[PDB]
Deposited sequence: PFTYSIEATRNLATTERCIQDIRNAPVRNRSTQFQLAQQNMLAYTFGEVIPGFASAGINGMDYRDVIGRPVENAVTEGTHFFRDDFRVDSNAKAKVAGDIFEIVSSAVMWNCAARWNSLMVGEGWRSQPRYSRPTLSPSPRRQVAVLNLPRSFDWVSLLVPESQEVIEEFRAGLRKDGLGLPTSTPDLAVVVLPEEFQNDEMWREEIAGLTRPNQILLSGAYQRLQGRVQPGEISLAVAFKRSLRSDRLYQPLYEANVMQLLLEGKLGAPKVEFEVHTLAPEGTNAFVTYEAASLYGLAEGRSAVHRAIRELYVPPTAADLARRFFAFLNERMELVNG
């Protein structure tokens, strides 16, 4: 559970344990002795808790401490079972922490999407826990989907074929002269739910935890939407970075710039909203970096590439910021 528990932990099967001893069955070409089982970790620590949608103690807790709990629980497990034999590299803890930050934050934005959708579809505004009721007038045509995008994803595969053919035509044009414009992905995309699904129920059900099924439910979600989204219906893009360094700033800025070149400049959509979430910005230089104008719009004919760098204090605040974003962004979508 969120708070470590020796019993909860002995209840776990060997393959469900947050630490996976691989000393005697090793990743070839790696010294890795113990594996941080991040899915197992999300399961144990957040099996019953979606921060922002849980106890007041957790929703109001410093988000850094929320995101860090999985690794602390795993570290405890490892110490119980292996005592001073327990060694994980800091890069292990780095990788897992980054992935937890993204997944949990996505999960919180998922539940926000549920509650908002439920409201848009003329049901109630739920209220355990309580969040100031959104003011925008409901309509099922402005439900949103929260898509944590997978490793390797190409966000272009979200777009309706007609939009994809526009980009493909444009890139084939470049490829003849040995040039390109590859797209990768933000970590997460909030998109306007396709009509065809506006009556589907999964998009309105808040999950209770990041149990393996719900992890799957969440990380598979993008599949349901591939090929179905209009250019102007990609509402928000997010990059998660648990901490920043000056060198680790650029992937979102670059990708936001390309999203704009393509969605705005080639497909006539409105401002592409792309933001960066961090728990540890390490000075103020990132905030200045992200004041950069969108390059495409500059050199042609104007706003910033990255709308904001957000440092969520608590899960509740991330939930609040997103509702607020939806209330405000979804009034470009007609009821």
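*So which bits of the deposited chain never got modelled?*
That part of the chain that was deposited but carries no coordinates is 302-304, and nothing else.
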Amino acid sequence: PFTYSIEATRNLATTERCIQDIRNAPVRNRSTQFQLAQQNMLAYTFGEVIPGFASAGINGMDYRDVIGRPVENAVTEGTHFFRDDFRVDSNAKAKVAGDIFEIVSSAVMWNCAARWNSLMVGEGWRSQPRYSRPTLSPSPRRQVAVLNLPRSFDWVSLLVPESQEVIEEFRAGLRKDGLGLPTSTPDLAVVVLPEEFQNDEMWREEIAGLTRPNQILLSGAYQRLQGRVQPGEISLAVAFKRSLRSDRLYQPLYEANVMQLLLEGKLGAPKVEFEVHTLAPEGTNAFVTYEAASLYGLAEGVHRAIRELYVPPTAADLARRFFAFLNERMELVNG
From here on, numbers count along this sequence of modelled residues.
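Throughout, rigid core stands for the largest set of C-alpha atoms superposing within 1.5 Å between the two forms.
*Which of these two stretches, 179-187 or 70-78, has the larger RMS Cα offset in 6 other deposited structures of this protein when the rigid core is kept aligned?*
After superposing on the rigid core, the more displaced stretch in 6 other deposited structures of this protein is 179-187.
*Between 33-41 and 288-296, the one whose CA atoms sit farther away in 6 other deposited structures of this protein (rigid core aligned)*: Between 288-296 and 33-41, the one lying farther away in 6 other deposited structures of this protein is 288-296.
*Looking across the other entries that model both neighbours, is residue 27 missing in at least a third?*
Across the compared entries, residue 27 is left out in at least a third.
*Is the mean CA B factor in the deposited entry higher across 18-26 or across 312-320?*
Looking at the recorded C-alpha B-factors, 18-26 comes out higher on average.
*What stretch has the higher average Cα B-factor here, 247-255 or 164-172?*
Mean C-alpha B-factor is greater for 164-172.
_Among the choices 153, 101, 197, 222, identify the one whose CA B-factor in the record is greatest._
Answer for 153, 101, 197, 222: 197, with the highest C-alpha B-factor.
*Taking the values straight from the PDB record, which of 64, 307, 277, 266 has the highest C-alpha temperature factor?*
Most elevated C-alpha B-factor of the set, per the entry: 266.
*Chain-relative CA temperature factor third for residue 83*: Highest third.
*By its CA B factor, does residue 291 count among the lowest, middle or highest third of the modelled residues in the chain?*
Lowest third - that is where residue 291 ends up once the chain's C-alpha B-factors are sorted.
*Within this chain's modelled residues, let me know which third the CA B factor of residue 139 belongs to: lowest, middle or highest.*
Highest third - that is where residue 139 ends up once the chain's C-alpha B-factors are sorted.
_CA B-factor ranking of residue 60, expressed as a third of its chain_ = Ranked within chain, residue 60 CA B lands in the middle tercile.
*Going by the recorded CA B-factors, say which third of the chain residue 212 sits in, lowest, middle or highest.*
Its C-alpha B-factor belongs to the middle third of this chain's values.
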